[PDB]
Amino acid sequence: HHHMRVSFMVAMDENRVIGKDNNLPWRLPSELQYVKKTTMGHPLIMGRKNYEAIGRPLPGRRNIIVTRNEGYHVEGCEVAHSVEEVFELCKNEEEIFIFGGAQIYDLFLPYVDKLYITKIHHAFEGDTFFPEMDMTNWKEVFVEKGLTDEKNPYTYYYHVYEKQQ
């Protein structure tokens, strides 16, 4: 029924860890630059917890916060309370990025068409996980090694998968 491309944007470790203590377990400035480049000019759909950890509206993008709180407001941001409300807000958009965290990934999992996933080759301590995904009828359309240096101290790869069905 929806017309926009539903893309996931996520970075996870070897065990699907995405978060620890309501924050990111790693610091990879180069990976963040890839995120900014890939998502700029497109709506970011964020779970309420993710948004508050980010702490500010991200410029040059529609920021959409997902919450059950019908009295929730943030200046410079739009608020949605369900998948269907997000779809109404984004009905004329070309592509939207589901930006996390885990609850919001779970929520939009039945609808994802495209996966931008950074895989970090390290096993972090964590408490929040990217959901398991059946990749049947998906194909990898892009893969590239991320920049590892003194500022980016882990080995990681950018992957993009597209759903065929």
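So that there is no doubt, residue numbering starts at 1 and follows the sequence shown.
- Of the two stretches examined, 136 to 144 and 54 to 62, the record assigns the greater average C-alpha temperature factor to 54 to 62.
- Remark: stretch with higher mean C-alpha B factor among 70 to 78 and 91 to 99 is 70 to 78.
- Across the options 114, 48, 37, 122, the residue with the most elevated CA B-factor in the record is 37.
- Ranked by Cα temperature factor within the chain, residue 152 sits in the middle third according to the deposited record.
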